[PDB]
Amino acid sequence: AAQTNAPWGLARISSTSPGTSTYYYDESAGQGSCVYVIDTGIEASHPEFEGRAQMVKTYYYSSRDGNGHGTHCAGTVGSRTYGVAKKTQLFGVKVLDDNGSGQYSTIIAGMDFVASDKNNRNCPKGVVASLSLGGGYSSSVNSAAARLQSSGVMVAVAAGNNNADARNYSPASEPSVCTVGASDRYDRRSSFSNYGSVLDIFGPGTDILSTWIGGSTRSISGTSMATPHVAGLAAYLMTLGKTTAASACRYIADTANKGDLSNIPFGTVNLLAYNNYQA
């Protein structure tokens, strides 16, 4: 399948070169997979989600996304126009308040929630969790991410936006999950992207168009935007049967575009997520 005039990041993940604008992908499109977006919520009524999104958990007075961040991330995972995996099922877990903030205890509870809640959902092709959040190093936060991954969920986490080594941030620094840095449309490391040996992969993160609250759209930047590209890619590849939740991060690294990004610090992987789809 081909989506013309796609957001640059979608085009990038199906291309061996920057500078194109059509997204190519197998029509299975992540059908039968599920992606949890652990964030500020999801505006499930957005036409872009087509009834495939729902809120399943909140720790606050509402499950609605009063911020936009979670809706944007969910859109990059799975919206019809802005999403990688256009037929996946999206589940929102609101661990962040409408200012985008959340306590680590709530975030940990949300991860353990997903590890159990997937047993209440129909995801025959597999389960992914996208965590566009983080703060300073916490062994308890890392352990929660490791449990979620161990339970059979492909965990993708943002590297962080500090232009610093991600070893000092959580859950970015957890070795067993997939830690995602950000790149721009010219294959440069995004100016704010964290780096370091803990990174597993880069995805598009600068000037990413996606869904927003109020039934709208906007372009924003962050490792928060790169992470759902990888989460959606994992769901898509799991639906194709090419990999599993336990092996998808390694598979994405195996099949990535290699050595094509600029300003990658010595010791950080030079790997850009790629769907290897041959039309």
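Cβ coordinates were reconstructed from backbone atoms using ideal geometry, including for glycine residues, and neighbour counts include every protein chain displayed. Only the coordinates and a few stated rules stand behind these numbers; no lab work does.
Give, rounded to the nearest 20 debye, the magnitude of the charge dipole that region 1-62 has about its Cα centre when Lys and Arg contribute +1 at Cβ and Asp and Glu contribute -1 at Cβ. Before the final figure, lay out each step's value.
Working: 3 positive and 6 negative charges, 28 e Å.
The dipole of region 1-62 has a size of about 140 debye.
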I'd like the FRET efficiency for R185 and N119, computed as 1/(1 + (r/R0)^6) with the beta carbon distance as r and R0 of 45 Å, rounded to 0.05. 0.70
Between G30, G78, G100, which gets the highest mean-square fluctuation from a Gaussian network model of the chain, Cα cutoff 10 Å? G100
Considering amide H positions built from the backbone, and no H for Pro or chain starts, which residues 5 or more places from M154, or on another chain, come under 5 Å of its amide H? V127, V128, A129
Identify, among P171, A115, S101, the residue whose Cα sits farthest towards the positive end of the charge dipole of the chain, taking +1 on the Cβ of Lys and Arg and -1 on the Cβ of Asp and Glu, with the dipole about the Cα centre. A115
Given R₀ = 30 Å, FRET efficiency for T16-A246 by Cβ-Cβ distance, to 0.05? 0.65
FRET efficiency, 1/(1 + (r/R0)^6) with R0 25 Å, evaluated for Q54 and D207 via beta carbons: 0.30
Grab the eigenvalues of the alpha-carbon gyration tensor for region 40-120, scale each by 5, take roots, and send me the semi-axes largest first in whole angstrom. 21, 15, 10
Does the chain come out rounded, prolate or oblate, given a ≥ b ≥ c as the square roots of the eigenvalues of its C-alpha gyration tensor, rounded meaning a/c under 1.5 and, failing that, prolate meaning a/b above b/c? rounded
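For the chain, give the magnitude of the charge dipole about the Cα centre (Cβ charges: +1 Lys/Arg, -1 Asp/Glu; no others), in debye to the nearest 20.
About 340 debye.
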Gain in span if fully extended, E27 to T106, counting 0.36 nm per residue against the direct Cα distance: 24.8 nm
For the charge dipole of the chain, defined by +1 on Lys and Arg C-beta atoms and -1 on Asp and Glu C-beta atoms about the Cα centroid, which residue among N257, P124, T227 has the Cα displaced farthest towards the positive pole? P124
